[PDB]
Amino acid sequence: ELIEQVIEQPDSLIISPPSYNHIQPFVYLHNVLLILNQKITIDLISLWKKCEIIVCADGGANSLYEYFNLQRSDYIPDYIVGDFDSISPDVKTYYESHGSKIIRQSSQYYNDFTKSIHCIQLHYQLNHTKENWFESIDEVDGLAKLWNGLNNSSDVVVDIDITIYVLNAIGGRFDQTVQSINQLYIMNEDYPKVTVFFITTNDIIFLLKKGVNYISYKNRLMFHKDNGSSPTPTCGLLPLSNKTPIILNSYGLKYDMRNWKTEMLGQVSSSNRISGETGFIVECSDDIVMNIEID
Amino acid sequence: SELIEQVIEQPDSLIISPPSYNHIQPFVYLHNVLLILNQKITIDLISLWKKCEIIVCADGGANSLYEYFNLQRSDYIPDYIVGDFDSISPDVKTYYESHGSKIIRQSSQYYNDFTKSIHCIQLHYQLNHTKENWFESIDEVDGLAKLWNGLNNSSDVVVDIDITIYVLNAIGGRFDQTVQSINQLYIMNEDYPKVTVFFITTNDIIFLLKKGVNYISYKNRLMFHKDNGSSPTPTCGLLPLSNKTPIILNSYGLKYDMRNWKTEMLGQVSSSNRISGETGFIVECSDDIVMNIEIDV
Ligand SMILES: Cc1ncc(C[n+]2csc(CCOP(=O)(O)NP(=O)(O)O)c2C)c(N)n1
Ligand SMILES: Cc1ncc(C[n+]2csc(CCOP(=O)(O)NP(=O)(O)O)c2C)c(N)n1
Ligand SMILES: [Cl-]
Ligand SMILES: [Cl-]
Ligand SMILES: [Mg+2]
Ligand SMILES: [Mg+2]
Ligand SMILES: [Mg+2]
Ligand SMILES: [Mg+2]
Ligand SMILES: [Mg+2]
Ligand SMILES: [Mg+2]
């Protein structure tokens, strides 16, 4: 079998575009903003303005509220969903009194993240026709059932491009972090036209799709404040799925890989860097998570 | 198999009697080693420190330790400070260097500060009792990695020594670092089963459940779960993050107990589970699997 190679490249390279997946993770610097329960440390307003719909997952509402501790009243989430065991009474009242669509789901088998995603998927299927499509659903798992029902009735338009920016889904309770990644892989397998970006305090996390991927951006300066001790943005390729091992070929990373097999309990490329000034290429034998540091 | 994958909703409180099995006592802290990575320290550092024999700072982790005192900072000097040193600040570096910390610089581009620190820890328990300056004059690029390797090829390794390593700031920061840490957790257990690793974060404690039966015990849940009222049970999760999938689970004592429940990424993963066992619980797994338990002391 081919030699697993790692090529140390110069700090800067120009990679020409490659039949392939084109990812533009930094365009933000059908858009949906999903807010989970963690203190918001990014330029919320800037992202918000680029999104068509904003959804708060239970406690995410508190996070949005507290962000204003700008007029808090100018940023009302379209939907607030979950079992509501974290959202605070005052916050809940506040947004309810401002028109946020409340979807309480008491199911102990789906978390607020999943319930919110279902709400988002159902929104792009039923909202344009019925603004209050959510009001009469089952209180336990109506979102789960309804999304399942629509597919059973063939009433689902599988042809709609959605980009979901998720805040506060990574970095908190570890099981929540892993569940989010799990759903990232699952959603791509089930709904390939939905692109998910987890934007955290330290980086942006997305999925590289089986095959050739071309990640582009104007330049690295848009997401990596000019260094001097850091001529390159940090990144990683994380094989967190049940498909192992994954073969990687990269062009444009500081430590470029050629037929390099990656898997947990094996070698994992972390602390890699981006040398491509305008983009880089990653070919993978199966879906794999990639994180790029932002600062 | 063909067995039904069951999930049993248990009452908020249960008493599970002890089960050969792996006994895990994650909260005894509420051969101990403290490994400090680069992130603001939010835990009760001094209490943990006082329970540890050796303390190691992975590069930037020294800054984290330093800033914690912004108690006398001078009373807590780390035994070792290792890594490529591209994050530790000159000031902090000089500060601890002037206080006796053993400095081990490693410029290798193929191992991170975490791994270099672990190697230093493993090497310490092998060579330090012999010579306090065993680390000096080692290769500047990957001497630790080489030494650990050469030491094994020389059969000079004391394979029988129980070590418990408490790691701070390895989870929750840059995601690739989080993943690499978990990767190492699995690798270390495969290669060094006598070393027990506990990742203590701002939100939880993360450790490995070992293939077979595991009995997790503690005085009571009040030890790590500040009395509830609207939260009668501590939160936990079982995360199949290895290359061995799927993993079959059987639990006794969790709010949502599993029986012959198959878990894997791209499939079902038990998250937001809770702990019903008042003094402990049991998890049997077909292969090693990560478990996190939320902490709020
Ligand atoms: C095998 C298994 N493991 C765990 C669970 C628990 N569970 C899965 S998602 C669901 C709700 C999670 O609620 P949230 O999204 O508010 N997260 P939380 O704040 O309750 O920890 C629960 C309790 C379950 N139902 N089944
Ligand atoms: C296939 C592959 N991927 C990535 C790398 C890069 N790499 C692995 S660990 C090593 C050093 C990591 O340094 P640190 O522990 O200080 N973490 P950092 O602050 O540099 O991001 C590097 C640069 C590599 N050498 N090979
Ligand atoms: Cl550039
Ligand atoms: Cl208790
Ligand atoms: Mg909730
Ligand atoms: Mg809940
Ligand atoms: Mg929920
Ligand atoms: Mg370093
Ligand atoms: Mg470094
Ligand atoms: Mg290093």
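So you know, we letter chains A, B, ... as the sequences are listed, proteins then strands, and number each from 1.
- No side-chain donor-acceptor contact under 3.5 Å links A:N242 to the backbone of B:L266.
- Both the backbone and the side chain of A:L240 come within less than 4.5 Å of a heavy atom in chain B.
- When side chains are defined from C-beta on, B:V179 counts as touching A:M264, because their heavy atoms get closer than 4.5 Å.
- Interface residue B:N203: only side-chain heavy atoms are found under 4.5 Å from chain A.
- In this structure, chain B has a heavy atom under 4.5 Å from the side chain of A:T244, while its backbone stays farther away.
- Residue A:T201 does not touch chain B at all, counting heavy-atom pairs closer than 4.5 Å.
- For chain B, the nearby parts of A:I181 are the backbone and the side chain; heavy atoms of each come within less than 4.5 Å.
- Heavy-atom distances place both the backbone and the side chain of B:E264 under 4.5 Å from chain A.
- For B:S272 and A:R173, the side-chain atoms include at least one donor-acceptor pair closer than 3.5 Å.
- Only the side chain of A:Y255 comes within contact range of chain B, with heavy atoms under 4.5 Å apart.
- Within the 3.5 Å criterion, the main-chain N or O of B:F175 finds a donor-acceptor partner in the side chain of A:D203.
- If you measure heavy-atom distances from A:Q183 to chain B, you find no contacts under 4.5 Å at all.
- B:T201 does not touch chain A: none of its heavy atoms, backbone or side chain, sits under 4.5 Å away.
- In this structure, the side chain of A:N182 engages the main chain of B:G267 through a donor-acceptor pair within 3.5 Å.
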